[PDB]
Amino acid sequence: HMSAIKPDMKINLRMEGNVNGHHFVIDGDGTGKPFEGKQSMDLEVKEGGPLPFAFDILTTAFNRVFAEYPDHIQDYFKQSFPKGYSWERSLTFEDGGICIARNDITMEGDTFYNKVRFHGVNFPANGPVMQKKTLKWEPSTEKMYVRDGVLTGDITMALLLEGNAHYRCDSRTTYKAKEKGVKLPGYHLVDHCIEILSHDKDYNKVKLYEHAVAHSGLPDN
Amino acid sequence: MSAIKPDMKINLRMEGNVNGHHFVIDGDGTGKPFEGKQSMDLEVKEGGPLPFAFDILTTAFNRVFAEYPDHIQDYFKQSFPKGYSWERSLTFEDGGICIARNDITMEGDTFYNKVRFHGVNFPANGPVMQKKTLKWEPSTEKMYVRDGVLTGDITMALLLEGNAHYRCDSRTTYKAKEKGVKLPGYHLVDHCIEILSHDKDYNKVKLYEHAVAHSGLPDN
Amino acid sequence: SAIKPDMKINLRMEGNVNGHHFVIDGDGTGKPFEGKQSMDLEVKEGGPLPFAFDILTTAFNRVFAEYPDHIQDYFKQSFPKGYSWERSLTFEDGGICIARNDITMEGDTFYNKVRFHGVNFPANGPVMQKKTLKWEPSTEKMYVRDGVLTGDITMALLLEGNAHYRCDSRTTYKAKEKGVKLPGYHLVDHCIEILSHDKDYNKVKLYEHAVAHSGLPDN
Amino acid sequence: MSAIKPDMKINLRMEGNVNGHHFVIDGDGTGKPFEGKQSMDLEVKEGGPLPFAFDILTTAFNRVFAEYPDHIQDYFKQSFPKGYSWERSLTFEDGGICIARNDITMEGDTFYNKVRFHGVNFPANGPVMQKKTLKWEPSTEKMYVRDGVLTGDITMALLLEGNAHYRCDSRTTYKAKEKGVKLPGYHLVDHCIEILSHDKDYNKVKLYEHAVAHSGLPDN
């Protein structure tokens, strides 16, 4: 239908979560261009700071409506508004650390609202996360498809570590629309790149940016 | 002057969210720490009736209730009266993943458990959302130290109607709250857990568990 | 190089999946610098295969990837002495495959000795029941772990009725000669296709196109 | 008139490759199936000496030698004179991934095993390639039926030099050569395996394993 999505969107996000027995609340004002698949956010930890973990593991939980979609790819995400949609996500890191995240997404005019939740367990004390040895998320490629009838995305992720070592994480998100009638898209790919643009010593304030582009792979891309 | 007594009470509240259905469950239990045997009556206070298999939360309803033999260090009875806390991951073969955690404390003859539980990515047509589970099969927990921390891994299996099984890998880390508590060597904990009875919609459940720690073959 | 812009390809695989043994020969031709290669495969032994042919197909040389100038090309750098890989394919339903290929080049031809071993596919899975359609296009991630080039992939077989069958690959790349320069983190896009086949895939014509890039926001 | 005797011989030859290194290990030993014990002296005919920890081949060297109680259907002993076969995947925590196979048959009082074994992606600096393993810890195989086939999953751990552990998940699929043989229901199989003896190079090795099957708690 007609979406309600206009090319400059405000972004309003709200995260509550616990890693390793440590609670934190974080807020973010942000703005974006859904149709260019770009956005940036100003996160500010409202409780639980300084976080004793790496802020990087939180970042992808900070909306694939901001994915530049070609018209030969069904945009399950933009066609899900006004009503909106919600995702669930597991992150499984290679040292048995595992997070689950939920984000539920609505729209009040020029603004997306995100009630996000984040939980992480089993991070080992001398690992990259708890010792905060992380540098950035490398550029990834999300594999999009339908299983048991739900748009699913899997990703093979890797965090750059000091020493230019890499820390592997597997990602699986399930997206569900709030409204009936949303066409399921054929299998596709979504390149992204996420980025901490600026940040203070303790990470209590953070500038985040993301660029996500959908494509069919080779070749034709 | 022991912190652990032969007949103990168990007081628990869990709060969780699986597939986005919120819930709070409360349990009122009794145990025999030295016999590794305990039972519990749980009543759902919010979220009833639960739209997923009650079974998935049951191991998240305390290893002080294991019978430990003298030749295996008993970390959990050693962690009291101050307490301890576990974090747990449950990874289901169909994408089902839960994380959970329990902070156990003690007042006199009573354990106080604050428990959380979050489950994502269970399919609509799987054994959990369809409520086809009957019971956790009796299982063996592998206990070992990794990075300063007591850790158990378990190959779990949920028995289903039609008698197929449905697999879960669990990892649990246990952390004493007081310093200095001595880490056990490598060992095994035998478990069996059961819903003795329940009301139709699982708003009231009586749970029972039994765990016995051992060293395996060939000394058992 | 001495890797020519038009290479020929000599393949020879020997395999065993679910205790079914097979031997498969393939000869083809390539445009290494364009990142493209097709091959005519023939099952010399153990056919008609009791399982989906697609699972063997990535087992049928990253040297055929278009590498841009800002990315180290480990694979063409490894020649003319060559390189090797072991790979593991972990499928969602417990089915596991491992593969190895030694890749040598004498003259204008690449030679591959390729091994491939599969265990624990369920009797009624998409693999033993032949319900696979094609691999979907993919995107290998290349990084270094413990001084060895590694490429991990989120793979997915398209099946009958458009369902998918997930698979996770890990591949480790080892240059033959010492101290060949390890590349920085990067991606290869892939697309592999059976172009045509006969009834029981005793005869198979394959194509693959790989392009290396450093991801957004550049690619 | 039962096929299996209380004192069998074992003839086993293995062919294998880990990390591009080929090898052949031949074997000769004995054991008591109804007791669930066996032992064998293993000779490296080729590939020797072996770069990698010898322990990772050890479980790949027959559940016939498992002690089953009358209340559990013994799939393996009900497989013979015809015999049975297994496939194995070993998935190590640091990316190392093994797959193995064996066809077990019988000729008189001898079991004959054709063992294949292939490990890939073991990190040059790991305990595997660096040979810092000491032993497998005692374990418990979880036996159940998937798609009509006997499948046992294990939570394995290697003890390494320095009191650390190395984790490995096992999945084995068991298939009789004979039609009809009836599958048991869920059970546990306690294992313990031991290099009893070996030369500095590990080209000659004496092995011992002990298997006992049971219903787990509280029926053990």
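What counts and what doesn't
Residues numbered from 1 in each chain as written, not as in the entry; some residues may be left out. Chains lettered and ligands numbered in written order. Heavy atoms only, no water. Helix = DSSP H or I, 4+ residues; strand = E, 2+ residues; numbered from the N terminus. Contact = heavy atoms within 4.5 Å. Buried area = accessible area lost by both parts, 1.4 Å probe. Salt bridge = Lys/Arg side-chain N within 4 Å of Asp/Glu carboxyl O. Polar contact = N/O pair within 3.5 Å; in protein donor to acceptor, adjacent residues only side chain to side chain. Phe/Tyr/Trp six-rings, centres within 6.5 Å; stacked < 30°, edge-to-face > 60°.

Per the deposited record, X-ray crystallography is how this structure was determined, to a resolution of 2.000 Å.

S.K.: Report on unusual backbone geometry, specifying residues and quantitative values.
M.R.: Of all residues except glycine, most have a negative phi; of all peptide bonds, most are trans. Omega for the bond connecting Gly-49 of chain A with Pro-50 of chain A falls within 30 degrees of zero, at -5°, which places this linkage in the cis form. Among the structural elements, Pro-50 of chain A can be located in the loop between strand 3 (38–47) and helix 1 (56–59). Unusually for a residue other than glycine, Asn-162 of chain C sits at a positive phi of about 70°. By secondary structure assignment, the location of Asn-162 of chain C is in the loop between strand 10 (149–159) and strand 11 (164–175). At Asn-121 of chain D, a position not held by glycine, the phi torsion is positive, near 60°. Secondary-structure assignment places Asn-121 of chain D in the loop between strand 6 (110–120) and helix 1 (127–130).

S.K.: Please provide a residue-by-residue account of the interface of chain C and chain A, values included.
M.R.: Residue-level contacts link 30 residues of chain C with 31 residues of chain A. Each partner contributes to the roughly 2400 Å² buried at the junction of chain C and chain A, and carbon and sulfur atoms together form 55% of this total. By the criterion of area lost to chain A, the three top residues of chain C are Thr-154, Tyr-185 and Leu-216 of chain C, representing 27% of everything that side buries. We note a salt bridge from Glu-94 of chain A to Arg-145 of chain C, for which the minimum N-O separation is 2.7 Å. If you look at where chain C meets chain A, you find 10 residue pairs in polar contact. Of all the elements in the fold, those that place two or more residues in the side of chain C that touches chain A are strand 9 (138–144), strand 10, strand 11, strand 12 (186–197) and strand 13 (203–213) of chain C.

S.K.: How would you sum up the environment of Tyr-144 of chain B? Please name residues and give values.
M.R.: One can find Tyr-144 of chain B in strand 9 (residues 139–146). Separated by 37 residues in the primary sequence, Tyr-144 of chain B and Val-181 of chain B place their C-alpha atoms 15 Å from one another. Apart from the residues within four sequence positions on either side, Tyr-144 of chain B is in contact with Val-149, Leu-150, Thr-151, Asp-153, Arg-171 and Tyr-186 of chain B together with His-165 and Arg-167 of chain D.

S.K.: Got a sec to walk through the packing of aromatic side chains? Specific residues and values, please.
M.R.: For any pair of aromatic rings, geometry is given as the distance between the ring centres together with the angle between the planes. Residues and elements named next belong to chain C. Scanning the entire structure with this criterion turns up 56 aromatic pairs over all chains. Relative to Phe-110, the ring of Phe-64 has its centre 5.3 Å away and its plane inclined at 80°; by these criteria the two rings are edge-to-face. Of the two residues, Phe-64 is situated in the loop between strand 3 (36–45) and strand 4 (65–66) and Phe-110 in strand 7 (residues 109–119); the sequence distance between them amounts to 46 residues. When the centroid spacing of 6.1 Å and the interplanar angle of 25° are considered together, the rings of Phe-91 and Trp-135 count as stacked.

S.K.: Which residues make up the interface of chain C and chain D, and what values do they have?
M.R.: The partner chain D presents 24 residues to the 25 residues of chain C that form the contact. Taken together, chain C and chain D are joined by zero salt bridges. One can count 19 residue pairs in polar contact joining chain C with chain D. Looking at the side of chain C that touches chain D, the elements that each hand over two or more residues are strand 1 (7–17), strand 5 (83–91), strand 6 (96–106), strand 7 and strand 11 of chain C.

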